[PDB]
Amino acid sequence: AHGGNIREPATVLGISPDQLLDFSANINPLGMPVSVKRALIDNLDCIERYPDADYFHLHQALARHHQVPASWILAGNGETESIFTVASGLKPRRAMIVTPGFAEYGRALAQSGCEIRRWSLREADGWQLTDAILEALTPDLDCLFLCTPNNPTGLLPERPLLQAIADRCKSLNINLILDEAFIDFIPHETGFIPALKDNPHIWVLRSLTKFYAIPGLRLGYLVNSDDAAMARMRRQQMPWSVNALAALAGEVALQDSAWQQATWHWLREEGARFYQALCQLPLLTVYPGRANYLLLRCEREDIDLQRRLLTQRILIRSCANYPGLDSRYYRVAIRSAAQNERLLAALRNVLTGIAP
């Protein structure tokens, strides 16, 4: 049960989803780039033909964007498909995931028949990934999934720690899958694509749906420099999985040279202002997320924050279904100032004026 389920949320209340303000999914509040919408409208008739099965133009655009060989890239029907593709293409016998984390890594691995080991983040560490994981990495592991920054904490592990993990993985023959779905939101963070050349054991997952606001179109991709392994992924993949409009949108989106700075500026300004306001609320712990969402811990047990905000027609993410987190945890997106203010006001009604 993932976030962004507004139709389901509205159904629970008996109202139309157009009446809900959603903070349970984390999509760039700027909306899709104007050029993207124009291109979609202008080329809509392209849907009367099958997509290019090899997605030449799309992969060329992604390759030019990251300055890597097009052969290192495989686009997917959302990064969600890329996660299932890597799991099925690598068919690990034993794999480690880090909890709490995005639920699909586990679903994908389970379906592929893998023995899943969980590395548990600790509330006492403020949910930060630590070097304690290194000693937990063993030769018998085939894969390790890390999310950078993590869903739902928004925390980004230190580059040196990620490098230490990557190096250990290289020596223990472990494939390292880095989920960089939200990395574009963190100013100046390059991720690991610039370092794949001499590290064929590293796989990077990317998504265009949150940063460019096209989650309804579905577009993500996987990058890796092992010629043979990527070739195998191209087969284990279902044909025409990426729709023609997603491919077009992706190409156009990457051409908007102002999008990145505009998004970073918003995060640095409103995002910082929103975070400060949340931290001024009583009976609430707010974690220092680096992208467009924040993990919250409600210090009032006798209060289902999600149920309470839903009656106020504001949908938030309940993190109780993440392994490792309990009913006190929730996640909210960072949106436009006006919407953020409505969220804040709702939270105050449930948090201010209450004794410990």
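Start at 1 and count along the sequence shown; that's the residue number.
Between 20-28 and 340-348, which has the larger average Cα B-factor in the PDB entry?
-> Averaging CA B-factors over each stretch, the winner is 340-348.
Look over 95-103 and 163-171 in the entry and identify the one with the greater average Cα temperature factor.
-> Averaging CA B-factors over each stretch, the winner is 163-171.
Could you say which of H66, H59, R49, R313 has its CA atom at the highest B factor, as listed in the PDB entry?
-> Of the candidates given, the C-alpha B-factor peaks at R313.
Given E180, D142, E123, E115, the residue at which the Cα B factor reaches its maximum | When the deposited C-alpha B-factors of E180, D142, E123, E115 are compared, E115 is largest.
Ordered by C-alpha B-factor within the chain, which third holds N292? Give me lowest, middle or highest, please.
-> Lowest third.
Could you tell me which third, lowest, middle or highest, the C-alpha B-factor of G4 occupies within its chain?
-> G4: CA B-factor falls in the middle third of its chain.
Relative to the other modelled residues of the same chain, rank the CA B-factor of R268 and answer lowest, middle or highest third.
-> Its C-alpha B-factor belongs to the highest third of this chain's values.
Relative to the other modelled residues of the same chain, rank the CA B-factor of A110 and answer lowest, middle or highest third.
-> CA B-factor rank for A110: highest third.
Using the B-factors in the PDB entry, rank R307's C-alpha atom against the chain and give the third, lowest, middle or highest.
-> CA B-factor rank for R307: highest third.
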